[PDB]
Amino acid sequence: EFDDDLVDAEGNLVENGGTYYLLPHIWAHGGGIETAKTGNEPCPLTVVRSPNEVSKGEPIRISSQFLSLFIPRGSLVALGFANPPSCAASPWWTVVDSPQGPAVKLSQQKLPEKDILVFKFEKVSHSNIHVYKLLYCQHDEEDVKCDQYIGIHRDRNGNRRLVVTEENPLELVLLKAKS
């Protein structure tokens, strides 16, 4: 096939295992990704988008299921904070079901790879800069199916929570962070 690797905001291939800021395509739609303490959580375990348009949010490690230097765009990826809240057991995002639908969270325990290698970036056509939607990939049986998008749900407190969405998937540009 043709790998068609993920490309960062500056036109360079995304490095596998590298750290990037996950910024909105549209400048006015907020900043980078952060965490917040919501519901009955004991500590910041909810993944959210910063409301500060100038904030790059946290550096996020993007890792594929492969050893490769770059990331073919049809690859499943795990996403983790380079510097997670102290209470999370690992940096990796996971998706948790809920009365309102699947939500993106951190965990207080280490999870198996099949619970964190659950994302995929999907190229957005009609764009000059490389813009991606973020898919969530649920189990199909003995495999995985990437048929749901991640979007934003603003809660009664203003947190812009990352959750599985039906409409208005979010759109990101990946900006390499200083290491």
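One-based numbering along the sequence shown.
* Where do the C-alpha atoms have the higher mean temperature factor in this entry, in 143 to 151 or in 27 to 35? -> Here the higher of the two C-alpha B-factor means belongs to 143 to 151.
* Asked: Hey, which bit's got the bigger mean C-alpha B factor in the entry, 134 to 142 or 110 to 118?
  -> Higher mean C-alpha B-factor in the PDB entry: 134 to 142.
* **residue 169 - Cα temperature factor, lowest/middle/highest third of chain** => Answer is highest: the recorded C-alpha B-factor places it there.
* Just say lowest, middle or highest third for the CA B-factor of residue 124 relative to the other modelled residues in its chain. => Residue 124: CA B-factor falls in the highest third of its chain.
* To do: Name the third of the chain's ranked CA B-factors that contains residue 57, choosing lowest, middle or highest.
  => Lowest third, going by the recorded CA B-factors of the chain.
* What third of its chain, lowest, middle or highest, does the C-alpha temperature factor of residue 43 fall into? -> Highest third.
* **Cα B factor band for residue 158 (lowest, middle or highest third within the chain)** => Within its chain, residue 158 is a highest-third residue by C-alpha B-factor, going by the deposited values.
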